[PDB]
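Visitor:
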Amino acid sequence: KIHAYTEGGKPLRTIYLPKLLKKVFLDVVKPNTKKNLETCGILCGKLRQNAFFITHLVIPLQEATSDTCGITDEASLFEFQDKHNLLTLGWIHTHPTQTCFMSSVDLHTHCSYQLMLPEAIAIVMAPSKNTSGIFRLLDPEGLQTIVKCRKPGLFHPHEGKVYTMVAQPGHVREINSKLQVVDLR
Ligand SMILES: [Zn+2]
Ligand SMILES: [Zn+2]
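Those letters in the sequence shown? Residues 249 to 433, by the entry's author numbering.
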């Protein structure tokens, strides 16, 4: 049926995303969102028949600021994913007041994810705007730009095209599948 390719023609395996995930994520992190602090969650799941299924939304230990949400204990996160045989398929986070886009920090963060899994996605929720989007870096050009970037500062510009909205339903398909949420906090 429908399938996708990176900018360099590499095929992307489909990621099945439970439709309930976005709302459920906002619910679970609402106390932070109410204080205008970002929160992230990890999109975890399994590979079955050449497709990925997101099965678990994992909220890791993290430190929340108004415009960043870095993980503060990778150990407990990775220990959990290993125990339950969960692959990292991407991540989701909030912009409590801003619009839906990928920030400078978001692009640098996502580079790690997409380096390990070509299909890796970044879901950005902008609840004060009631918008959301699902993004990835251009591959190879965007990953290259981010890897070569040595600009100081958390929030610096990047020139050229760096990222794009993902292909739906080819790359990412939202379906009625089950979801388990794990709060490690
Ligand atoms: Zn962001
Ligand atoms: Zn940069």
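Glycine included, each C-beta is placed from N, C-alpha and C at the ideal position.
#1: Taking only the alpha-carbon atoms, compute the straight-line gap between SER376 and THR345 and give it to the nearest angstrom.
#2: Measuring straight from C-alpha to C-alpha, what distance separates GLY408 and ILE394?
#3: Is the beta carbon of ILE382 sitting closer than 8 Å to the one on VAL429?
#4: Quick one: residues in its chain with C-beta nearer than 8 Å to the C-beta of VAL277, no 5 flanking neighbours on either side, listed in chain order?
#5: For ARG296, which option in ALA323, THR412, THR320, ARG261 has the closest C-alpha, if you only look at C-alpha atoms?
#6: Taking 8 Å as the threshold (C-beta atoms), are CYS292 and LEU355 in contact?
#7: Would you say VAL277 touches ligand 1, meaning its beta carbon is less than 7 Å from a heavy atom?
#8: So, helix, strand or coil for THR357, using DSSP?
#9: Please report the distance separating the alpha-carbon of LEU402 from that of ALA370.
#10: Between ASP354 and ligand 1, is the CB less than 7 Å from at least one heavy atom?
#11: When DSSP labels each residue in this structure, what does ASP330 get in the three-state scheme?
#12: Quick one: is the Cβ of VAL306 within less than 7 Å of any heavy atom of ligand 1?
#13: Using the rule of at least 16 other Cβ atoms within 10 Å of the residue's Cβ for burial, across every protein chain shown, is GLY338 buried or exposed?
#14: In terms of alpha-carbon separation, which member of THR379, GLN329, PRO366 lies closest to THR347?
Guide: With the structure as the only source:
#1: Straight through space, the alpha carbons of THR345 and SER376 are spaced by roughly 5 Å.
#2: Their backbone Cα atoms lie some 11 Å apart in a straight line.
#3: Taking 8 Å as the Cβ cut-off, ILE382 and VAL429 do not qualify as a contacting pair.
#4: Here the set comprises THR287, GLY289, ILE307, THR342.
#5: Of the candidates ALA323, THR412, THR320, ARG261, the one whose C-alpha sits nearest the C-alpha of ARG296 is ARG261.
#6: Taking 8 Å as the cut-off, the beta carbon of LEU355 is found no closer than this to the beta carbon of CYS292.
#7: With a cut-off of 7 Å, the C-beta of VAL277 is classified as distant from ligand 1, since no heavy atom of the ligand falls inside that distance.
#8: Helix.
#9: Their Cα atoms are separated by approximately 18 Å.
#10: Here the distance from the Cβ of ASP354 to the nearest heavy atom of ligand 1 is below 7 Å.
#11: Secondary structure at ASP330: helix, using DSSP grouped into helix, strand and coil.
#12: Answer for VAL306: no, Cβ out of range of ligand 1.
#13: Flag for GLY338 reads buried.
#14: It is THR379 whose Cα lies nearest to the Cα of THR347.
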